[PDB]
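Enquirer: Right, I'll just put the structure down here and ask away after.
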Amino acid sequence: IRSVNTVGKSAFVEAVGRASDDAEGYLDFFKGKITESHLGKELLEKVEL
Amino acid sequence: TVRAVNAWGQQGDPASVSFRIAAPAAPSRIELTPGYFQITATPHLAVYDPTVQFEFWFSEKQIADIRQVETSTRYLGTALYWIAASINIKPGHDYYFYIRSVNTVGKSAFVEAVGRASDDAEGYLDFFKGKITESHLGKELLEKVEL
Amino acid sequence: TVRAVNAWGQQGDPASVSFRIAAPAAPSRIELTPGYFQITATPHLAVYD
Amino acid sequence: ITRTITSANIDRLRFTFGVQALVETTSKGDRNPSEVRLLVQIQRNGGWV
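Protein chains in written order, with PDB author numbering: chain L, 789 to 837; chain H, 691 to 837; chain V, 691 to 739; chain D, 100 to 148.
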């Protein structure tokens, strides 16, 4: 990233960033809500037996 | 005050007028669209001011006083909207946006908007229809469904 | 450089000042908040411009 | 400071004071005035009037 304006441009600065660490929070509110149709067909035929 | 003068330098009777430059008005309303762990807040004024922006401040808990906003809350930024997205932001818990109008002249008093994230229902789960098949399940779930 | 003149057009001794218009400085720090497949980066300078 | 002018043919005294800078920086920007106060005192025998 660098600073920009009508006069000139500055030297770049580096920032190393990561995405979310895949916490269960993004799953915590799926609590009791994937039941009947969101699962793969092989999983359906393996759980119906 | 305006005075007329002739070519001899003699000023005339004064004519006066009075006007006023005042701080921008507070926003009339705030539209709070929930999102996926995010809230998009868009303010709207009673009259449109092309020379105004909006400062946003965030609170996970409500404050009755509107004077310690600069001290008891976190500064978010100035824009025409705000998309507050964070992992620490979770649905089911109310959040408070204290917003104000900002320009080169002055700052207006804050206005409170209480917003919620999305209800996190089948709208975000019909996207998953027939797709959690073989590897996304936890290990205990694997060893319980293989038997 | 500023010089004073009288009503006869005669200039005076010059008085000099020097200033500088420079490119904006590089950002001091970068706050990188991760998200769901997204990264929100907000820079911050040593002095606000 | 005090300077003890002790001159001979003075008639009136002119003081050239001032302020180096009066800004009052805050968070981000929006600097404000500072409202300083100074005092100029005469010898006046012993009482610093």
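For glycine and all other residues, C-beta sits at the position ideal for the given N, C-alpha and C.
#1: Per DSSP, residue 109 of chain D forms a beta bridge with which residues?
#2: Excluding the five sequence neighbours on either side, which residues of its own chain have a C-beta within less than 6 Å of the C-beta of residue 730 of chain V, listed in chain order?
#3: Measure the CB-CB distance between residue 801 of chain H and residue 717 of chain H and report whether it falls below 7 Å.
#4: With DSSP collapsed to three states, give me the class of residue 797 of chain H.
#5: Leaving out the 5 sequence neighbours to the left and right, which residues in its chain are closer than 7 Å to residue 753 of chain H when beta-carbon positions are compared?
#6: Taking residue 726 of chain V as the query, report the chain L residues whose CB atoms sit under 7 Å from its CB, ordered along the chain.
#7: How about residue 743 of chain H and residue 768 of chain H: are their beta carbons less than 7 Å apart?
#8: Go through its chain and collect everything with a Cβ distance to residue 694 of chain H's Cβ below 6 Å, but skip five positions before and after it.
#9: What does a CB cutoff of less than 6 Å around residue 133 of chain D pick up in its chain, not counting 5 residues either side in sequence?
#10: Go ahead and pull the three-state DSSP assignment for residue 813 of chain H.
#11: Would residue 713 of chain V pass as an interface residue toward chain L - the criterion being a Cβ-Cβ separation below 7 Å?
#12: Mind checking who residue 764 of chain H pairs with in its DSSP beta bridge?
Expert: Reading off the structure:
#1: Start at 1 with the first residue of the fourth sequence, and residue 109 of chain D comes out as number 10. According to DSSP, residue 109 of chain D bridges with nothing at all.
#2: Mapped onto the third sequence, residue 730 of chain V falls at position 40. Contacts found: 723.
#3: Working through the second sequence from its first residue, we reach residue 801 of chain H at position 111. Working through the second sequence from its first residue, we reach residue 717 of chain H at position 27. Result yes, Cβ atoms of residue 801 of chain H and residue 717 of chain H sit closer than 7 Å.
#4: Here residue 797 of chain H corresponds to residue number 107 of the second sequence, with the count starting at 1. Strand at residue 797 of chain H.
#5: Start at 1 with the first residue of the second sequence, and residue 753 of chain H comes out as number 63. Hits under 7 Å: 762.
#6: As a working note, residue 726 of chain V is residue 36 in the third sequence. In chain order: 808 and 814.
#7: On the second sequence, position 53 is the one that residue 743 of chain H refers to. On the second sequence, position 78 is the one that residue 768 of chain H refers to. Contact flag set, yes.
#8: The residue given as residue 694 of chain H occupies position 4 in the second sequence. Contacts found: 702.
#9: In the fourth sequence, counting from the first residue as 1, residue 133 of chain D sits at position 34. Excluding positions up to five away in sequence, the list reads 121 and 123.
#10: Here the question's residue 813 of chain H lines up with position 123 in the second sequence. Residue 813 of chain H falls in the helix class under three-state DSSP.
#11: Here residue 713 of chain V refers to the residue found at position 23 when the third sequence is read from its first residue. By this cut-off, residue 713 of chain V is an interface position.
#12: Residue numbering aside, residue 764 of chain H sits at position 74 when the second sequence is read from its first letter. Answer is H/748, bridged to residue 764 of chain H.
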